[PDB]
């Protein structure tokens, strides 16, 4: 229930092109507010030599990727960061390095 603005890895409204400069090594990640899909949040990660951008789905009052839903984004991100569960089956992405704001 801790706020996004107090998380080291939350970068607010930085655009995709700026996230590119910040994501450089396997498992680097940050969260930002989408421009292409206004009102949505994005988990941006560096994995296998590429930047990958996942919409954090918000459905029925829950934030999720492909599995468990949580009431808030910090709980979802912390879950993946501590358990190393992949973001999606297709991507196999594992969060390793929170990129500080």
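Numbering follows the first chain given and starts at 1.
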{"item": "Of 57 to 65 and 29 to 37, the one with larger mean CA B-factor", "value": "57 to 65"}
{"item": "Mean Cα B-factor comparison, 83 to 91 or 11 to 19, giving the higher one as deposited", "value": "83 to 91"}
{"item": "Cα B factor band for residue 44 (lowest, middle or highest third within the chain)", "value": "lowest"}
{"item": "Third assignment of residue 99 from its chain's C-alpha B-factors", "value": "lowest"}
